[PDB]
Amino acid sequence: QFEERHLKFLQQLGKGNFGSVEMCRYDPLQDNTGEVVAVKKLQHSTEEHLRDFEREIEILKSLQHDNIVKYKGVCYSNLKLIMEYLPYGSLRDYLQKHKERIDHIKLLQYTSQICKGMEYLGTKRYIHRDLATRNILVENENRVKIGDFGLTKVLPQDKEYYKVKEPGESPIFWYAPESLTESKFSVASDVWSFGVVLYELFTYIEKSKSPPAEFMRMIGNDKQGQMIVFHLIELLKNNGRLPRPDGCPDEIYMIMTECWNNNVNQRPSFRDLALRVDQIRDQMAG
């Protein structure tokens, strides 16, 4: 267990969907040699949010995979989540800064790694509901892990989707059509969101070309609030889609579009996605 009082703040790391994450030193000997860790805490520690956060903790805790940020422990008073600190930040920021000097062999290594993290997630009947480069952490040049399980849901035994009311703030531009119209979330809607993560990676996080900027362009920048969703549904219903990023290999663009399939059952599995992505990296390499 970790004791609250030995956590020494160093710096903020970031805010996610409902909390905050700090860089801290667990230094129980006060001589300043202790382990640097990542720490999550609730900004608005409601009784509602406190349940979801402990639910979040219990999900992370139960997930052990090379491509899923490690759980280390909790602190009691209100709860704090202790996690491994990954020094390179979010993939969104790392790729944005180091643009294009990250070649395609690298993007596909991360892609592969993302796929495997999700395949295992799904093996435990969990649905992330927020797969996005900003929620993916970089350990080092050669490793990313999936993180921020704040919006994750377990499937019921006999259902294969999870229907949510009442929705909080929602990454709509990553949402598959049936999540927007019906609030059905599933392994399949995470696969849709994975297609957008792949789009993100191959745009190198150019800000003019992000999903929000581009979907907003397509439906009209004049669309506001609730209407954005109305027009997005219609757009997606008619095969309005994010364009192929400048320079994107062709068989990477096909993976994107296969994921963004209105027909829910016709989307690839992560098992097939991981195989496919690894196959492309083989031939690139030779």
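For every residue, the number given is its place in the sequence shown, counted from 1.
Asks: Note how many residues of the deposited chain are left out of the model between residue 77 and residue 78; the options are none, 1 to 3, 4 to 9, and 10 or more.
Replies: The entry has 4 to 9 unmodelled residues between residue 77 and residue 78.
Asks: Looking at the deposited entry, does 17-25 or 271-279 carry the larger mean Cα B-factor?
Replies: It is 17-25.
Asks: Per the record, averaged over C-alpha atoms, which has the higher B-factor: 159-167 or 127-135?
Replies: Stretch with the greater average CA B-factor: 159-167.
Asks: Can you tell me which of 33, 257, 64, 221 has the highest Cα temperature factor in the record?
Replies: Among 33, 257, 64, 221, the highest C-alpha B-factor in the entry belongs to 33.
Asks: Can you tell me which of 96, 186, 181, 90 has the highest Cα temperature factor in the record?
Replies: The C-alpha B-factor peaks, among 96, 186, 181, 90, at 96.
Asks: Looking at the entry's B-factor column for C-alpha atoms only, identify whether residue 39 ranks in the lowest, middle or highest third of its chain.
Replies: It belongs to the lowest third of the chain when residues are ordered by C-alpha B-factor.
Asks: How does residue 145 rank on Cα B-factor within its chain, lowest, middle or highest third?
Replies: Its C-alpha B-factor belongs to the lowest third of this chain's values.
Asks: Consider only the C-alpha atoms of the modelled residues in this chain, order them by B-factor as the entry records it, and name the third containing residue 56: lowest, middle or highest.
Replies: It falls in the bottom third of the chain.
Asks: Would you please rank residue 68 by its C-alpha temperature factor against the other modelled residues of its chain and give the third it falls in: lowest, middle or highest?
Replies: It falls in the bottom third of the chain.
Asks: Is the Cα B-factor recorded for residue 172 in the lowest, middle or highest third of its chain?
Replies: Its C-alpha B-factor, which the entry lists for residue 172, ranks in the lowest third among residues of this chain.
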